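Undergrad: Provide a 3D model corresponding to the input given below.
(chains A and B, ligands or ions: 7)
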Amino acid sequence: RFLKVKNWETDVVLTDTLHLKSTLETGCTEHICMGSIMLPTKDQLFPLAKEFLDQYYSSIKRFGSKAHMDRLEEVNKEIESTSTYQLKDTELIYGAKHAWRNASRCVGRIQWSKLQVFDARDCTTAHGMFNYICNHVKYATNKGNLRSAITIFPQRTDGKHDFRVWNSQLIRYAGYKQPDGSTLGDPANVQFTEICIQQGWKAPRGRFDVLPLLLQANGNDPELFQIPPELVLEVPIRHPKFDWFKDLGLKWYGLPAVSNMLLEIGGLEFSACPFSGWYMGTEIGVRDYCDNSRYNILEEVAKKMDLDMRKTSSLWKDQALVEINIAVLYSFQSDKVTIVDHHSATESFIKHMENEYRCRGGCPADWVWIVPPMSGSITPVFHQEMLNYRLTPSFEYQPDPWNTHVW
Amino acid sequence: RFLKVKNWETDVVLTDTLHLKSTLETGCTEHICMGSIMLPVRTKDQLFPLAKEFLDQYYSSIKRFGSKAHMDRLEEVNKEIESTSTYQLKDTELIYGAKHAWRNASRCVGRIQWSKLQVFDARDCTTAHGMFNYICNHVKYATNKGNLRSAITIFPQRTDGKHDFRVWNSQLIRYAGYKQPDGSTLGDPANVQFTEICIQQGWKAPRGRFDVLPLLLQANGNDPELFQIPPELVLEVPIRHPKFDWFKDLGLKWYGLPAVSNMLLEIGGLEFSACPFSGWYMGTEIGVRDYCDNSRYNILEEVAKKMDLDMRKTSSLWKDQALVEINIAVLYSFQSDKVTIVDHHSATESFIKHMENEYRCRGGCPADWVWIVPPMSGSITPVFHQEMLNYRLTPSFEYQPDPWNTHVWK
Ligand code: HEM
Ligand code: HEM
Ligand SMILES: C[C@H](O)[C@H](O)[C@H]1CNc2nc(N)[nH]c(=O)c2N1
Ligand SMILES: C[C@H](O)[C@H](O)[C@H]1CNc2nc(N)[nH]c(=O)c2N1
Ligand SMILES: CCS/C(N)=N\c1ccccc1
Ligand SMILES: CCS/C(N)=N\c1ccccc1
Ligand SMILES: [Zn+2]
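TA: Residues are numbered from 1 along each chain as shown, chains lettered A, B, ... in the order given. Ligands and ions are numbered 1, 2, ... in the order given. Coordinates below:
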């Protein structure tokens, strides 16, 4: 059934058919919508494999070719024998790019095809993983001129020899629960910060301490590693009009690299597949800095701005929030570290969405996640109806490693 | 069955059972979510179960479920339906129903006030002039000199669908929009189509930037009639900034009473096509949407320009910066004229408390995240971090086709 999506700001109506190819379930039903809920075998493997291969070959205009047919048979036999199979470089690359292309929560998918894929499937040790990771970080940071990339470690076999990167992101700050009962650093990592200490890491107990990597190879226990400080590009945060801003003592890293998700291609699962792009300003300025559960810096900034924090109606939080995000973007731009603001990113997503509709016949999108956490209605995506649904290859959530590892 | 909902800022988890009473569709399937889609007579056989459901609810609320009064009411209604095909609600049932349609509106962030609603029974009204008098009284009562009071006026329910009472305006009070041959628009762009219909019907448009539109009223299915709301009844607020003396020179102002008049009210199968209802504004509705939406007044550039902001590149956040001041100004003004209004921080915080309270005494609170989260500063308000469950419950307020596209002119 054809589904239509209207943008109420421009009246443009796009038609969606791509959803017909949906596989998984949204979590919603005809009776209840869960759009705002954060997270709602051989016989199993060959169908998924076939689906993927058909996708791959149709994309290269060789749907049905002997090549297509040959490969299909090849995988089938392989699965019957090895109870699994291995992707060819080309299919790996394609799968990775398409997992991104299909990430309904990502606002920067316009860059989907421009992804550097690093095949780390020959890795065997945590030291090896560290090596692959370091090179990834260096290639991606590229001295401020960031470049999207993903490193793919060995795919899952029996689940007991799973490769995993225990960090949620390759680069994140430590979080410690102090005497006061308060939290020093990033509250979002307090637990992990502990496990690292509980492993041997010597925590510096600072506001912005870069955590160590906890790499797991072949189901073995995780080992710690320190990313070469020279490889971790960081930006000090200063305001374009408030010279006192520098006194807040804030900084953030330039490389956002997700490392706790699972990449699924043709039924195959890769539990260790760190991938990175570049920051949208609000991510740091609004969420990391102002989220109550995070660095929660609104109070301070408000104080230093000397404004009435007596009544919410003064919108002093909104006032502060803005300047702070002015300072994030400013700092990044000044040090020449790639960064995008919510206005450009959202506008770019609209264009991308428009291309995806005429080239794909659709674009899965999660409105709740796409709309920036600030100035929602003044960005285009706020007025854009979206259709959310799951498509593979895909990136998926997965249980925290420490919550399931057999030490 | 049970459904857990979590708030990622407090880790508070709530259990929902109320959704088990959801009947109507949501537009979503198991393979697709249409959460961001704006908007995805009855026969006697379909009518009684609806009446029964409602009455069982009503009676259970007054703690008289199964009583004789309850049993006889069902008997009386069933008989009435079989002989007249419809049925008349008792004043108590009408009041109960109206409050619950509000209570069940998942897109409303101000439901904490749901129980405090003044219901005006206009079911004896028979003409447009009659509707005009009723509407003037609703406006006067609700405005209350700036100290707003929630209210709803209910006109005759639908019969054969050929004699509907309808208020053609989307809101009782709204500004006219005029499209110039220039291609530009004067006034509110969102009311252009309706403005035209009024002019065509005989309205003498002042052709200004803030002209209060006339009421177009349709009684008993007859052609609509024009009426001007008494000016002294229309409370308006001039918008000025607490620190920007030039703000007042922007020539901005807005009316104080938001009163929806194009929605349909459903109570026990009965349909009330004309049920204007009003409450009070949350600051962002005027300051963010009415003033800054590109397709509305669109005053961001003029405010930014006068604020002397670097408008060379979006990354300077001039739009965001100016948006906050514009919203600063709306709140300040309304407060200076003692006209009720609530900011998005207070409104959303109250909603959270209301929500939790609804889970503990009702077993849930249907809520549409996309509409509940404010159009600005989203994540610095608690609703952003709050998982919500959206499902439909009756009584309810529904959208309905524009009268001008269905009406059979006489
Ligand atoms: C090139 C620049 C990129 C930008 C500006 C961008 C921006 C964003 C933003 C703002 C979010 C929300 C993050 C959050 O709230 O936690 C997001 C989500 C997402 N992005 Fe992108 N993205 C980019 C690159 C990537 C890449 C390279 C991939 C994968 C190859 C990707 C995969 C995802 C996924 C899976 C999500 C959702 C994660 C989740 O569900 O928690 N993104 N992106
Ligand atoms: C007491 C003050 C009230 C406040 C602050 C409040 C606030 C709001 C706001 C901000 C919206 C979104 C409006 C938009 O974006 O267009 C909304 C939606 C809604 N409200 Fe309330 N409300 C109040 C009273 C009422 C009353 C009295 C009723 C019903 C009796 C009501 C019924 C609804 C409905 C039906 C919607 C959704 C409208 C739609 O779907 O288009 N509200 N309210
Ligand atoms: C409860 C709600 O789902 C939650 O707060 C979501 C809303 N939208 C979001 N959007 C983005 N981009 N990132 C997030 O972490 C969230 N959190
Ligand atoms: C397309 C999207 O559903 C649309 O822009 C919605 C989003 N949330 C909203 N929320 C409120 N309160 N009011 C609106 O008009 C909208 N518009
Ligand atoms: C791949 C980093 S792309 C980015 N800007 N941010 C994200 C942060 C957390 C999860 C997903 C995306
Ligand atoms: C009933 C006025 S209550 C209010 N604040 N605003 C609304 C505006 C449009 C639709 C619904 C509510
Ligand atoms: Zn849904």
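Undergrad: list of residues touching stretch A:190-210?
TA: The contact list for stretch A:190-210 (C-beta atoms under 8 Å, 6 or more residues apart in numbering or on different chains) reads A:166-168, A:171-177, A:183-185, A:211-212, A:214, A:222, A:224, A:227, A:229, A:232, A:234, A:249-253, A:402. (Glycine included, C-beta is placed from N, CA and C.)
Undergrad: and for stretch A:234-241?
TA: By C-beta under 8 Å, 6+ apart, the list of residues contacting stretch A:234-241 from outside reads A:208, A:245-246, A:248, A:250-254, A:323, A:326-328, A:330-332, A:334-335, A:337.
Undergrad: helices - which of those residues land there?
TA: Counting by DSSP state H, the part of those found in helices is A:323, A:326, A:327, A:328, A:330, A:331, A:332, A:334.
Undergrad: can you tell me how far the third one is from ligand 2?
TA: According to C-beta to the nearest ligand atom, to the nearest Å, residue A:327 stands 30 Å off from ligand 2.
Undergrad: which residues does that residue contact?
TA: Contacts for residue A:327 (C-beta under 8 Å, 6+ apart) come out as A:237, A:238, A:239, A:240, A:242, A:245, A:285.
Undergrad: for it, which non-adjacent residue is spatially closest?
TA: Excluding the flanking residues, the one nearest residue A:327 by C-beta to C-beta, 6 or more residues apart in numbering or on different chains is residue A:239, at 4.4 Å.
Undergrad: got the contacts of residue A:327 as TSV, with distance to ligand 3 columns?
TA: Shown next, in TSV, are those (distance: C-beta to the nearest ligand atom, whole Å):
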residue	distance to ligand 3
A:237	21
A:238	26
A:239	25
A:240	26
A:242	27
A:245	25
A:285	13
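Undergrad: scan the residues you listed and report the most crowded one.
TA: Each of these was scored for neighbours by other C-beta atoms under 10 Å in any protein chain shown, and residue A:285 scores highest at 28 neighbours.
Undergrad: that residue touches residue A:320, doesn't it?
TA: No. At 10.5 Å, residue A:285 and residue A:320 do not qualify as touching, with contact defined as C-beta atoms under 8 Å.
Undergrad: before we move on, the earlier item: ok, and which of the contacts of residue A:327 reach ligand 7?
TA: Near ligand 7, taking C-beta under 5 Å from the ion as the test, no member of these is found.
Undergrad: which of those lies closest to residue A:63?
TA: Of all those, residue A:63 sits closest to residue A:285, with 45.9 Å by C-beta to C-beta.
Undergrad: look up the closest residue to the closest one, ignoring the ones flanking it.
TA: With C-beta to C-beta, 6+ apart, the residue lying closest to residue A:285 is residue A:325, at 3.5 Å.
Undergrad: quick one: that neighbour and residue A:374 touch, right?
TA: Yes. Look at residue A:325 against residue A:374 with C-beta under 8 Å: they come within range, at 6.8 Å.
Undergrad: shared neighbours, those two?
TA: A:282, A:285, A:286, B:320.
Undergrad: which ones among the residues you listed are found in helices?
TA: Short answer: those in helices (DSSP H) are A:282, B:320.
Undergrad: in CSV: the shared contacts of residue A:325 and residue A:374, plus distance to ligand 1.
TA: Formatted as CSV, these follow (distance: C-beta to the nearest ligand atom, whole Å):
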residue, distance to ligand 1
A:282, 7
A:285, 12
A:286, 10
B:320, 16
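Undergrad: picking up where we left off before, will you turn the ones in helices among the contacts of stretch A:234-241 into a markdown table that also has distance to ligand 7?
TA: Formatted as a markdown table, those follow (distance: C-beta to the ion, whole Å):
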| residue | distance to ligand 7 |
| --- | --- |
| A:323 | 36 |
| A:326 | 35 |
| A:327 | 37 |
| A:328 | 33 |
| A:330 | 38 |
| A:331 | 38 |
| A:332 | 35 |
| A:334 | 42 |
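Undergrad: count of neighbours near residue A:11?
TA: By other C-beta under 10 Å, the residues close to residue A:11 number 9.
Undergrad: quick one, what contacts it?
TA: Contacts of residue A:11 by C-beta under 8 Å, 6+ apart: none found.
Undergrad: now do the contacts for residue A:291.
TA: Contacts of residue A:291 by C-beta under 8 Å, 6+ apart are B:9, B:379.
Undergrad: correct me, but residue A:347 touches residue A:380?
TA: Yes. Here residue A:347 reaches residue A:380: they are 5.6 Å apart, a contact under C-beta under 8 Å.
Undergrad: what about those two, which has more around it?
TA: Taking other C-beta under 10 Å, residue A:347 and residue A:380 do not tie; residue A:380 has more neighbours (20 against 16).
Undergrad: isn't the more buried one up against residue A:345?
TA: No. Between residue A:380 and residue A:345 there is no contact under C-beta under 8 Å: 10.2 Å.
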